[PDB]
> 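Let me begin by handing over the structure; questions about it come next.
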Amino acid sequence: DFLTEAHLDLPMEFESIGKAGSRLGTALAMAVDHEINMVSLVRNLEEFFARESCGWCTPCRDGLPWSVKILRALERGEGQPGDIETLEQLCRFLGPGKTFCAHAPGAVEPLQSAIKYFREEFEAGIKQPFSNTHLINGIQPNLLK
Amino acid sequence: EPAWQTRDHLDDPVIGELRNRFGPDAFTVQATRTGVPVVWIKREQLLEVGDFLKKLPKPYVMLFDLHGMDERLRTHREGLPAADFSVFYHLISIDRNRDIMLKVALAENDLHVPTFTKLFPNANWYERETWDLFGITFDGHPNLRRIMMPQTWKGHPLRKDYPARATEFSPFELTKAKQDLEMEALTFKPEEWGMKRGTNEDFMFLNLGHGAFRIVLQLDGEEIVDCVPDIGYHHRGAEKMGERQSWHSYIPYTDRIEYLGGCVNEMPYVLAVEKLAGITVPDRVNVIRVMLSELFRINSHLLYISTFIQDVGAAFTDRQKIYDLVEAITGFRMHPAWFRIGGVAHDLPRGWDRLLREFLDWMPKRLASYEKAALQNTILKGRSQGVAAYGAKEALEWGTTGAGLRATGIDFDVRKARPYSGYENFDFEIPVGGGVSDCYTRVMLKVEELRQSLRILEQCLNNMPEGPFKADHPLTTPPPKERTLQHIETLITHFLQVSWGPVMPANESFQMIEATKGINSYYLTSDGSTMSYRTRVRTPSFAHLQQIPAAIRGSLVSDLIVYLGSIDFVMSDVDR
Amino acid sequence: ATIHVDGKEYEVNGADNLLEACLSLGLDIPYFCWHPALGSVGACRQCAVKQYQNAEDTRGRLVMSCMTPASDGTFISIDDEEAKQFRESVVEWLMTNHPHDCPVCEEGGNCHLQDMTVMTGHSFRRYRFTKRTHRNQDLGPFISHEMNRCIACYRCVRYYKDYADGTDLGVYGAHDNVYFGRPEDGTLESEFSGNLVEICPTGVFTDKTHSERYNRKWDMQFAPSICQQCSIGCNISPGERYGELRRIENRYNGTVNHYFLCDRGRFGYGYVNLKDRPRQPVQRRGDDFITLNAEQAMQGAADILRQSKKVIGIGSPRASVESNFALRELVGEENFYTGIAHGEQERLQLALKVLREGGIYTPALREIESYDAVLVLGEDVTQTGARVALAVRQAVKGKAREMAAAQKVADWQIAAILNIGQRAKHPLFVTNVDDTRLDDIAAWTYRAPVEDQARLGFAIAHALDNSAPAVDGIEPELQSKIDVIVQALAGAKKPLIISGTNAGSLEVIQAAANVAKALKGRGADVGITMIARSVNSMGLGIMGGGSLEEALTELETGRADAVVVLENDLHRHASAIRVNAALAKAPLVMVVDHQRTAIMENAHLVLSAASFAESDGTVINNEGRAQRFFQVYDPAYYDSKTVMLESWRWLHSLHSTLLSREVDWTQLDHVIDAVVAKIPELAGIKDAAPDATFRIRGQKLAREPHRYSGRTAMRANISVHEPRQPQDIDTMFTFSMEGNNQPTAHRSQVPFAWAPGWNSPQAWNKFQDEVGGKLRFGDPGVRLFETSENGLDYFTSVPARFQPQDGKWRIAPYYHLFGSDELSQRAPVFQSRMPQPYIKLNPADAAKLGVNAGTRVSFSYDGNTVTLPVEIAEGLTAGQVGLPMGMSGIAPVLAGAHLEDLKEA
Amino acid sequence: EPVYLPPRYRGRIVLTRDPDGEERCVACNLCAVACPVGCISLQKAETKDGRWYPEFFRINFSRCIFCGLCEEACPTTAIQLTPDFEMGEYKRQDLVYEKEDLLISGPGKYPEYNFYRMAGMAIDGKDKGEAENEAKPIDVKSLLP
Ligand code: SF4
Ligand code: SF4
Ligand code: SF4
Ligand code: SF4
Ligand code: SF4
Ligand code: SF4
Ligand code: FES
Ligand SMILES: [Ca+2]
């Protein structure tokens with residue numbers, strides 16, 4: 001998970017970084033400057049994680065590419081309402097125990113933390129109204145509320 | 001807590017009263033989606049329970065329904081007493097605005113129940129139909145013979161082992177039945193109809209001919225001493241068909257019961273199926289269904305009133321305008337088949353506002369014309385007042401609902417007492433009469449109901465909600481067509497719903513509505529499958545036809561003809 | 001074990017997983033990657049439930065029910081909101097890439113993915129991006145490939161590779177481009193590839209033969225029947241539409257063939273739809289072929305049979321017990337002949353004597369999977385009894401199962417079991433004239449002539465028990481391999497000895513019986529399996545009769561001047577010249593058959609008999625199990641002039657017309673009662689299925705689903721008046737929807753599996769007592785004979801070793817799954833799959849003849865010179881020549897025969 | 001005067017053609033099973049390119065109640081009820097309408113819907129990846145990760 005400037009005083013231990021909503025991992029930290037957009041960084045991360053899926057189990061194999069496509073839409077400014085909620089549901093349902101191995105929880109940890117902290121960039125990605133239906137001529141659509 | 005939730009109704013005071021009277025081990029409470037406390041009674045305590053419910057401080061005064069059920073193939077009977085067959089009794093307390101269903105479990109080798117006719121006289125025909133279609137005997141019944149099928153019929157067609165589809169046609173059986181019709185009058189025994197004193201040498205026995213039906217008349221001169229209406233000439237096997245069609249593909253059959261009603265007959269069936277599916281329809285669906293039901297109520301009332309005026313000797317353009325609007329909305333005039341599980345088949349067409357506005361702006365002058373032609377006509381008034389009049393006691397004991405019940409002064413309309421389809425969001429009055437329900441009061445009440453239905457249509461036009469015409473439920477059948485044609489999971493849902501059928505989880509649902517001629521109810525038993533395990537249709541015209549001998553006893557044949565015209569009934573509703 | 005599902009207490013098996021325990025209890029959990037026969041892998045992530053630590057726990061945790069043991073005191077929830085949301089999400093993720101294909105997909109209405117989409121309540125697409133696509137492969141004539149519809153549930157590869165041991169299907173690629181198919185285009189080589197169309201939960205692998213004449217599952221008229229294409233007797237559900245046999249589905253039988261058929265049974269039904277089948281009785285007068293109706297056919301046939309001095313009947317192992325018995329009653333017991341040759345009859349009654357008098361238990365097909373060592377003697381099981389070969393592969397994997405059970409690994413955790421038991425397997429020793437398809441898992445394969453195979457069996461029996469006869473002349477290396485086999489067989493708790501009649505050798509069956517008796521004398525739990533040739537070979541052997549050579553002798557000598565041939569072409573069991581001459585000598589030949597055969601040219605009368613789709617009857621298994629098959633459709637429903645009656649009905653009415661001059665179209669139960677009264681060894685066939693008066697709470701059993709369509713239109717082009725529903729007086733099934741097919745109905749015969757919410761072959765879960773177990777009220781079929789109290793004696797007729805003699809060529813039989821069986825090789829889709837006619841030779845013999853691979857050689861057998869191209873066979877032995885049995889012109893009676901004048905054409 | 005009928009009117013049943021001129025029906029048999037009367041009978045056939053079409057298509061109009069459940073059930077909008085009601089006949093056998101009596105030369109009430117533009121299954125003029133919202137097929141031997 002991404003951590004902020006306030007977490008920089010944490011000792012590099014398993015328990016302290018775990019208590020802050022992240023994990024110590026390899027203890028090889030990566031610093032992100034203000035010139036880096038979080039949506040592009042998380043799009044790059046999820047592109048790696050989705051193409052490094054082993055293809056065995058459904059949530060990683062088929063929901064990491066969905067997060068990749070949502071992040072590409074948000075990076076191009078073509079986001080639509082419900083995208084952030086879809087990302088959060090993907091983060092919740094790819095957690096520990098839902099997938100066969102631990103690749104997908106590690107994949108959704110940065111997406112979780114980036115939405116948690118830098119949410120304004122993700123909401124800045126949303127610029128289009130939601131649509132996945134085109135009009136069929138003789139059929140009046142069911143206008144859901 | 002939605003309206004379709006499964007409830008046992010243990011907080012209903014009738015359950016506590018039954019527990020304090022008969023003991024806690026004398027009955028079994030079943031949790032259902034009928035909206036009604038359902039209790040299983042021992043057969044030996046049925047008359048005691050009925051008599052106790054008849055004598056409560058706010059008594060259960062009306063036997064609404066009585067029928068049977070073949071429980072042999074029912075696989076989901078958890079919490080239910082062991083039964084091969086069962087008989088249910090739907091009883092209504094009007095002062096309490098409550099109802100209770102009693103169920104008697106029967107083994108296959110002992111299919112006899114005590115007769116309920118000593119407590120409620122409409123149980124006569126209800127028990128004759130249960131004997132006819134299920135073979136359940138009722139001990140003590142005066143004339144327990146077949147009422148739907150002919151008397152020379154083998155088998156009980158509503159049993160699960162009876163083949164539903166039509167058997168091979170035999171010319172020889174047709175000639176045999178024609179021969180039986182040939183000297184039916186010559187070999188007429190007035191013991192096979194429940195009559196008595198057959199030929200005093202002054203009693204004449206005749207046969208006669210809203211549908212065509214026979215009634216045998218015993219006349220002393222011109223006075224009616226007794227009569228037995230012979231029905232079942234219009235029996236279509238609608239309930240047995242309910243077990244042979246899916247929940248979706250049964251809807252046209254709901255149309256063809258009470259064929260002057262259309263969408264009015266669709267409404268209780270789709271409401272009960274939505275109860276089984278756990279569907280809460282959106283508000284636009286409610287207003288669309290109310291608008292179509294009130295248009296068809298206006299059409300049926302206009303036909304009934306125009307037939308009554310012509311029969312006495314005291315009409316088409318209005319019904320043509322209604323049929324044109326219904327044809328625009330649904331594509332069909334008489335049998336629209338347009339309501340759906342979860343909604344309606346299509347959205348309202350663009351231009352429906354203009355047609356409804358043209359209908360509503362052209363109607364009140366016709367309303368004044370009908371009120372002048374009916375309420376202010378002396379020949380109609382002198383022909384129709386006082387002929388076949390009954391009070392509140394006779395309407396309660398015979399299951400009379402609709403205009404006759406409210407003409408007796410009992411303010412009982414389903415749209416106000418037990419609201420459905422968002423009828424509580426409309427402002428309309430329920431016209432009631434004095435204490436006497438004769439022909440004139442019934443026709444006057446129908447005219448006032450016409451005015452109130454026009455008010456409801458005005459409110460439907462003025463604020464028609466914007467929203468979906470189908471519910472967002474997964475069991476909405478069919479799904480919206482544009483998402484079906486574009487999306488794969490919606491295509492999958494549509495594929496499975498229109499072919500095998502939608503899977504309703506195993507439960508029982510009930511819905512009664514104020515139909516054009518009284519109270520129409522659907523009682524549906526689902527066994528978890530894609531078809532109905534049991535489709536029971538309670539129709540008002542059956543009960544109203546049963547009340548005829550108790551109302552024209554001592555009248556003339558012309559009085560009987562006027563009474564038959566004054567009853568809003570059709571024979572498909574009686575026989576279904 | 002005690003589990004609590006949604007607060008409700010249940011008693012389950014603690015050795016099961018939660019998914020199979022909950023499906024056995026009637027609960028619904030969606031699933032894709034799990035199968036009852038393949039074990040649990042935890043791939044699709046669909047079967048998630050919420051597990052709690054105890055009763056006073058509210059948080060819980062999402063677990064996979066297929067990967068979770070149903071241990072004592074378990075607390076789970078299926079109807080938890082978070083679990084339901086997750087399962088709907090898994091269906092949504094599978095739906096993101098799924099093609100908009102349901103109308104033009106052969107799986108529609110029969111698709112498990114559709115069912116689990118609806119069951120989770122997912123009907124709203126919020127995915128707006130692109131779908132991945134895939135190119136399709138050509139998988140041969142039987143299986144159609146559509147990789148777009150894949151959900152990557154891995155069932156196909158796990159079945160085809162870890163269960164059926166096929167090598168040419170696999171998973172390729174990676175993250176979300178995972179591909180399931182062959183490495184390149186070509187025919188799938190597994191003999192059990194056809195089970196993919198039911199294993200695959202989607203429409204990727206579909207029945208191409210059904211796809212040619214496709215119809216949906218609700219439009220199908222099904223019946224429970226028995227596969228007619230070999231002796232294994234796998235239960236099938238044939239389904240028809242518009243008067244033609246559309247599909248063969250697997251009918252579950254937890255005792256025989258539980259989930260799987262072979263490809264011959266699944267795809268060799270096409271002979272039923274041949275347009276040259278006899279549909280009416282036809283009488284030959286001069287050059288004229290007068291079409292008759294049933295009554296005047298019986299009258300004319302009875303007149304000619306009455307005027308004749310002696311009438312003989314020739315049965316067939318194709319025909320049911322009732323048809324052969326009715327022929328035996330028409331002609332008398334002394335004039336009835338089985339239609340098989342004398343050597344075939346000798347081998348068949350020897351195998352019958354071993355099975356019902358040898359004192360050794362013969363196992364059902366499902367029970368074969370639990371044996372600890374297998375010796376197959378002389379039988380090409382993959383080409384003659386294929387489902388037994390699949391069960392043998394399961395028995396071989398039993399060793400890894402035991403090894404993983406030793407480490408306390410649960411038996412459903414298949415990946416751990418296969419990892420623990422890497423390449424370890426139970427011992428398998430196969431013996432044939434050449435290499436078999438079981439050689440990949442066989443510990444040892446013996447390629448030798450049938451005399452040497454028998455001698456190896458006799459030597460194994462002598463090494464196990466010294467009272468068995470000895471074999472003289474065994475080489476030291478062959479002796480070392482014999483001791484390897486003996487140490488493996490003696491060390492097994494449950495040894496199984498498989499042999500059969502297809503080797504063409506009596507001595508092979510005798511050697512197998514000797515090995516089984518020697519193992520039984522040592523206290524082992526030995527079983528013996530005998531593979532017969534045809535669907536009712538064992539029933540025809542039990543009934544008995546003269547050989548075909550005796551019938552031909554009676555025709556040639558003039559003692560019999562009338563012959564009634566029942567369902568027999570007579571060329572597979574005798575030389576065509578002799579058969580044709582004998583039948584041309586007879587002044588009355590009457591052929592009762594459902595296929596257009598060559599002997600119908602000589603036939604004076606031809607009765608259009610019914611095949612298994614249009615008839616009822618009883619067939620006897622290779623294990624002695626009597627099984628009833630039921631008529632699928634009435635042939636006269638669409639063509640009103642078709643007179644296609646059951647063979648027993650024809651022969652019973654002919655006997656009635658012969659005796660009393662009045663026809664009697666009898667009932668099936670009357671014929672079965674006559675069988676059990678007259679033949680006491682066949683008395684068990686009464687209990688095979690209940691009689692025609694059987695009801696489920698008063699109603700019959702429905703042949704077609706409740707949503708069967710087109711009732712007032714399917715015949716409307718013939719006449720707009722709907723015809724009478726065809727009446728079934730023979731069985732308890734009705735030819736309509738107006739019947740019972742409930743999963744809880746007290747019956748054993750299930751025409752098709754369907755339950756609400758379960759439209760796929762996964763609906764068989766609802767019809768079983770536990771998933772993958774038996775049917776809830778017992779599997780159908782009854783064993784005719786019990787195990788004898790005392791065994792046979794040792795067969796002392798040890799043959800000499802095979803000696804290659806000059807000028808003569810011993811014919812080594814080669815059986816083909818596609819081609820050897822008569823009716824299935826008549827099916828048109830089998831011709832592409834059928835091998836080309838190839839005569840097999842040793843390299844030494846081919847070099848001696850101066851013949852290379854592919855050059856055509858000519859040989860004369862029984863005065864008939866035929867020419868075939870040569871394939872070089874390395875594994876064959878010198879002096880032997882390999883011929884494909886059952887093909888066109890190569891009768892299966894050529895096995896063990898010799899060949900003369902083999903020279904280059 | 002001619003009788004006016006609204007566009008939704010449930011009269012004579014026709015089979016329509018897609019805008020390219022090919023017949024819309026793919027012989028999916030949903031209309032036949034959705035018919036409560038059971039008066040539709042058809043058989044699936046397939047062209048050389050793999051396109052599904054009806055071999056025959058017959059409707060028993062002596063039985064049909066003009067309820068529109070088939071048109072509602074059609075996933076390709078092939079079968080349509082049209083504003084025409086003059087279907088009287090002399091012989092009841094002539095009320096069985098085959099495919100040559102139903103297949104009109106235009107799109108009917110739904111002028112632009114093409115089911116085959118949505119289906120992933122390939123026909124002539126539309127290979128894999130050319131349907132709506134479909135990516136091109138990535139070969140499994142591609143160099144890209
Ligand atoms: S979570 Fe692990 S097992 Fe599942 S597909 Fe991804 S990498 Fe493979
Ligand atoms: S595999 Fe199933 S869900 Fe997919 S297109 Fe075929 S029927 Fe539809
Ligand atoms: S091809 Fe079928 S069996 Fe194989 S993984 Fe895909 S859906 Fe499963
Ligand atoms: S093994 Fe034999 S009985 Fe079984 S499916 Fe194959 S051919 Fe039929
Ligand atoms: S309109 Fe109704 S009755 Fe007529 S063919 Fe269509 S579904 Fe059948
Ligand atoms: S539902 Fe439509 S596409 Fe399917 S078979 Fe019927 S007319 Fe053809
Ligand atoms: S069925 Fe358990 S994860 Fe697939
Ligand atoms: Ca039969």
Side-chain angles (χ1 to χ4, degrees), chain A residues 49-50 52-64 94 96 98-108, chain C residues 32-33 35 38 41-45 94 98 107 111-113 134 143 145-160 169-171 174-176 178-181 191-192 194-206 225-236 248 250-251 253 256-257 260-269 365 381-391 531-532 534-535 619 621-622 627 817-818 820-821 823-824:
Chain A
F49 278 124
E52 285 305 312
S53 180
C54 88
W56 177 246
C57 77
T58 297
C60 162
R61 159 180 88 253
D62 288 323
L64 283 187
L94 266 67
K98 276 92 176 180
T99 57
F100 191 80
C101 89
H103 165 89
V108 298
Chain C
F32 294 109
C33 69
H35 197 270
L38 309 178
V41 287
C44 70
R45 312 306 285 186
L94 298 175
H98 199 69
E107 213 80 0
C111 168
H112 189 52
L113 179 59
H134 282 298
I143 312 297
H145 200 223
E146 276 276 356
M147 243 313 273
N148 270 357
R149 302 161 193 163
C150 181
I151 58 170
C153 83
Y154 294 87
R155 264 172 165 222
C156 55
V157 287
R158 288 199 315 119
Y159 163 71
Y160 197 97
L169 193 94
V171 63
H175 33 84
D176 68 318
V178 263
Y179 197 94
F180 296 84
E191 285 80 14
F192 325 105
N195 299 312
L196 283 173
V197 315
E198 306 190 17
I199 282 297
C200 181
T202 67
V204 184
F205 301 106
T206 42
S225 186
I226 310 301
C227 174
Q228 311 273 308
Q229 312 312 313
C230 85
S231 70
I232 296 321
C234 308
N235 299 206
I236 53 161
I248 299 286
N250 177 78
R251 179 159 68 96
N253 189 308
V256 187
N257 63 282
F260 309 120
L261 310 169
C262 88
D263 281 1
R264 176 196 271 177
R266 193 178 280 279
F267 306 116
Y269 63 94
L365 172 62
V381 183
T382 319
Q383 313 298 310
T384 62
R387 272 301 278 104
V388 170
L390 188 52
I531 313 289
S534 290
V535 50
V619 283
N621 214 355
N622 74 301
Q627 296 185 118
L817 199 70
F818 315 101
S820 289
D821 172 81
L823 297 184
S824 47

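Labels below follow one simple rule: chain letters A, B, ... track the order of the sequence lines, proteins then strands, and each chain is numbered from 1. Both ligands and their constituent atoms are indexed starting at 1 by order of listing. Every heavy atom of this structure was used, including side-chain atoms; hydrogens, water molecules and symmetry mates were not.
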> So, does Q627(C) use its side chain to make a donor-acceptor pair with the main chain of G233(C) at under 3.5 Å?
yes
> Looking only at protein heavy atoms, which one is nearest to atom 4 (Fe) of ligand 1, and what is the separation?
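The closest one turns out to be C57(A) SG, 2.3 Å.
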> Going by heavy atoms, is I151(C) under 4.0 Å from ligand 3?
yes
> Could you check whether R251(C) and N257(C), counting side-chain N and O atoms only, form a donor-acceptor pair closer than 3.5 Å?
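Per modelled atom types, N257(C) and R251(C) side chains form no pair under 3.5 Å.
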> Taking backbone and side chain together, does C200(C) place any N/O/S atom at a distance below 2.8 Å from atom 4 (Fe) of ligand 3?
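Within the cut-off used here (under 2.8 Å), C200(C) places no N, O or S atom near atom 4 (Fe) of ligand 3.
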> What atoms of ligand 3 come closer than 4.0 angstrom to any heavy atom of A152(C)?
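Listed by number with element: 5 (S), 6 (Fe).
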> Suppose I only count heavy atoms of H103(A) and a 4.0 Å limit; which atoms of ligand 1 are within that range?
2 (Fe), 6 (Fe), 7 (S)
> Among protein heavy atoms, which lies nearest atom 1 (S) of ligand 1, and at what distance?
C60(A) CB, 3.5 Å
> Distance check, rounded to the nearest 0.5 Å: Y159(C) atom OH versus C200(C) atom SG?
12.5 Å
> I'd like to check which ligand 1 atoms, numbered from 1 as shown, lie under 4.0 Å from a non-hydrogen atom of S53(A).
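Atoms satisfying the 4.0 Å criterion: 5 (S), 6 (Fe).
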> What protein heavy atom sits nearest atom 6 (Fe) of ligand 4, and how far off is it?
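Sorting protein heavy atoms by distance from atom 6 (Fe) of ligand 4 puts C262(C) SG, 2.3 Å first.
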> Out of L169(C), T202(C), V157(C), indicate the one that has the non-hydrogen atom closest to atom 7 (S) of ligand 3.
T202(C)
> Atoms of ligand 4 less than 4.0 Å from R264(C) heavy atoms?
7 (S)
> Closest non-hydrogen protein atom to atom 8 (Fe) of ligand 4, residue and atom name please, with distance?
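Among all protein heavy atoms, the one nearest atom 8 (Fe) of ligand 4 is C227(C) SG, 2.3 Å.
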> Just need the protein heavy atom nearest to atom 3 (S) of ligand 1, so name the residue and atom and give the distance.
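Closest protein heavy atom to atom 3 (S) of ligand 1: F100(A) CB, 3.6 Å.
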> Does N622(C) use its side chain to pair, donor to acceptor, with the backbone of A532(C) at less than 3.5 Å?
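Between the backbone of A532(C) and the side chain of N622(C) there is no qualifying donor-acceptor contact (under 3.5 Å).
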> Atoms of ligand 3 less than 4.0 Å from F180(C) heavy atoms?
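Those qualifying, in numeric order: 5 (S).
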> Report whether any nitrogen, oxygen or sulfur of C230(C) sits less than 2.8 Å from atom 2 (Fe) of ligand 4 (N, O or S, backbone or side chain).
yes
> Could you tell me the residue and atom name of the protein heavy atom closest to atom 2 (Fe) of ligand 1, and the distance to it rounded to 0.1 Å?
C101(A) SG, 2.3 Å
> What are the atoms of ligand 3, with element, lying closer than 4.0 Å to any heavy atom of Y154(C)?
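What qualifies from ligand 3 is 5 (S), 8 (Fe).
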> Where does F32(C) meet ligand 3, judged by heavy-atom distances below 4.0 Å: at the side chain, the backbone, both, or neither?
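No part of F32(C) is near ligand 3 at this cut-off.
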> Nearest 0.5 Å, please: how far is SG in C262(C) from CZ in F267(C)?
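Nearest 0.5 Å value for the CZ-SG distance: 9.5 Å.
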> Near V204(C), which atoms of ligand 3 are under 4.0 Å from a heavy atom of that residue?
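What qualifies from ligand 3 is 1 (S).
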> Let me confirm one number: the CD1-CG distance from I236(C) to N250(C), rounded to the nearest 0.5 Å.
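Reported to 0.5 Å precision, the distance equals 9.5 Å.
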> Looking at CD1 of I232(C) and CG of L390(C), how far apart are the two atoms once the value is rounded to the nearest 0.5 Å?
11.5 Å
> In Å, rounded to the nearest 0.5 Å, how long is the span from OG1 of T202(C) to CE of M147(C)?
9.0 Å
> Determine whether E146(C) and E107(C) make a side-chain contact, defined as any pair of heavy atoms from C-beta on separated by less than 4.5 Å.
no
> Go through ligand 4 atom by atom and flag the ones less than 4.0 Å from a non-hydrogen atom of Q229(C).
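Within the 4.0 Å cut-off of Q229(C), ligand 4 contributes 7 (S).
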> Donor-acceptor pair, distance only, cut-off 3.5 Å: does the side chain of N195(C) make one with the backbone of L261(C)?
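Checking the backbone N and O of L261(C) against the side chain of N195(C), a donor-acceptor pair under 3.5 Å is found.
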> What is the distance from atom CD of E198(C) to atom CZ of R155(C), rounded to the nearest 0.5 Å?
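Atom-to-atom, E198(C):CD and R155(C):CZ are 10.5 Å apart.
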> Measuring to atom 8 (Fe) of ligand 1, does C54(A) have an N/O/S atom at a distance below 2.8 Å?
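Of the N, O and S atoms in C54(A), at least one lies under 2.8 Å from atom 8 (Fe) of ligand 1, which means yes.
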> Would you say the side-chain atoms of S824(C) pair up with the backbone N or O of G268(C), donor to acceptor, closer than 3.5 Å?
no
> Please list, in number order, the atoms of ligand 4 under 4.0 Å from a heavy atom of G233(C).
3 (S)
> State the atoms of ligand 3, each with its element, that fall below the 4.0 Å cut-off from a heavy-atom position in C156(C).
1 (S), 3 (S), 4 (Fe), 5 (S)
> Parallel, tilted or perpendicular, judged at 30° and 60°: which one describes the rings of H35(C) and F260(C)?
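The arrangement is parallel - the two ring planes meet at less than 30°.
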